[PDB]
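Just the one chain here, the form solved without the named molecule, laid out as structure tokens.
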């Protein structure tokens, strides 16, 4: 039951409870061993636990396909510290170390509990006998494919080697297959399900985007005669949500260009909101001062390009304003998501302009054509363009903002609770959109 899992969670990995109820359900679904499983959770212990913990209770060997030795090494080392009988198979292993491991796996009841392996070996003719004998002797408990997204040309990290993993699944019929990734759109999910030949019904555990404490809205720069004024009001409202502490928290303004960053910081400062520009144009000494001053709460507002380093995060960010629409929905989600980590209410505003859209739309097309000359045509290029369109749709359409973000990532409808402009006043947004339409000339 639940009992066996909970003990071995503390007994071996030393945790009281699973981080989330989702991480628990996933782990349990892998334990039952009746269904192929797909885990999409942000990088961390939670994800790895979903195959590692079950690997031990299995009473057989779990094979884990991972794309490169670096990632394999991190894990074998961490598993070894927990006194776990883990091994790796790759070319970088010595001829003698190799012969020893192969001998261990040919042995009735081997010591290897978890075997990490690269996609080339997992599919190479030289390894199939070993795989077959393990199968014959019912010693194969699970096949795990980490970095599952790598199978997809529509993903960011396409690896041809991952296309061979499909044929392997059927051979390991007896054993359930677990596919894990941090990052998959609906389209990348489909490629994983198909290319790895997962057996239906596939159980899906996918950490949702939604955060109840973030109020999202879009403002149309085309309808606003005082832009710098509108931003000042927005900044001051978001700060001083604790009237007796006065001005509490900090904020980020994101801009595409360095000129825009310098200019906006000045326009905010001159209206009584202390802001400093942060961009790649500044020297390292300047960048450290600006970051320190913002992290230490000396200057409450930082105006930055995409360049803003996340060396450490900040829990009290009360607002994230995008002066310019981002390259991609993933970019916007990640940048806007730097707000409200503490759990307290926060504001995410996108200042949208058809002029900004056209300019960014055009720049993406140019940087794609530049990479097409260097590395050739790819399906990933069209994912880059679709990634922007989801954000253009976010700005120019009526509907919950949290829903539009959920749709792009492949989450279910989230529980918005008047947590975006549309859900708090549909007609207001309709009126604003109608007005943008009249301005279209």
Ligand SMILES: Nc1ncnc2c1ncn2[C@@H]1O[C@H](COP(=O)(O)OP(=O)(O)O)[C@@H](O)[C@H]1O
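Positions refer to the first chain, counted from 1.
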| query | finding |
| --- | --- |
| Coordinates lacking for residue 311, a third or more of other entries | yes |
| Unresolved residue 101 in a third or more of other entries flanked by modelled residues | no |
| Which of 125-133 and 243-251 has higher mean CA B factor, as the PDB entry lists it | 243-251 |
| Mean C-alpha temperature factor, higher of 8-16 and 413-421 | 8-16 |
| Residue, from 324, 361, 263, 91, that the PDB entry assigns the highest Cα B-factor | 91 |
| Which of 271, 99, 164, 349 ranks first by CA B-factor in the deposited coordinates | 99 |
| Residue 214 CA temperature factor, ranked by third within the chain | lowest |
| Record-listed C-alpha B factor of residue 376: chain third | highest |
| Residue 58, C-alpha B-factor rank within chain (lowest, middle or highest third) | highest |
| Entry-reported Cα temperature factor of residue 149, expressed as the chain third it lands in | lowest |
| Third of chain Cα B-factors occupied by residue 49 | middle |
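Beyond the structure shown, there is the form deposited with the named molecule bound, which is absent from this document and is the topic of what follows.
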item: Ligand-site call, the named molecule overlaid in the bound PDB entry, backbone or C-beta contacts under 2.4 Å, 3+ atoms; value: blocked
item: Stretch from 58-66, 29-37, 44-52, 382-390 whose residues place a heavy atom within 4.5 Å of the named molecule in the bound PDB entry; value: 44-52
item: Residue 424, heavy atom within 4.5 angstroms of the named molecule in the bound PDB entry; value: no
item: Residue 25 within 4.5 Å of the named molecule in the bound PDB entry, heavy atoms; value: no
item: The named molecule contact at residue 19 in the bound PDB entry, heavy atom, 4.5 Å; value: yes
item: Exercise: residue 164 in contact with the named molecule in the bound PDB entry, heavy atom 4.5 Å; value: no
item: The single option of 138, 197, 99, 78 touching the named molecule in the bound PDB entry, heavy atom within 4.5 Å; value: 78
